[PDB]
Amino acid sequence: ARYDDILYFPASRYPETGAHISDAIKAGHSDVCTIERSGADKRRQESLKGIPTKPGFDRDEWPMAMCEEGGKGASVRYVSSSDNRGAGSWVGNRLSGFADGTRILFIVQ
């Protein structure tokens, strides 16, 4: 009852993103994303304040900006763009049908 559905994140396919999710969760950041898409732009901005872009890398956020849990205090790490683009799309496609408020537990595999 602390989540509605599970996603098994495929660390074998996206090991650099997957390593950050695991470290961030191991660090205490929530393993549940409660989906909240309206306030994502502002969370993104909050989490990355003071962090410059880096060539060939994306600034990866856990919890993610699309989650209630995201934003200020989110773990940020530069992850290689290929890895993080694929991870992003995998997650995005899997969550696209869940309504805001749906609580998703992430297990990194």
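Just count from 1 along the sequence shown to find any residue number.
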Mean CA B-factor: is it higher for 54-62 or for 41-49?
41-49
Comparing average C-alpha B factors as deposited, tell me which of 81-89 and 96-104 sits higher.
81-89
Out of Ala27, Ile35, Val32, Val76, whose C-alpha atom has the biggest B factor in the entry?
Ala27
Lowest, middle or highest third: where is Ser22 by C-alpha B factor in its chain?
middle
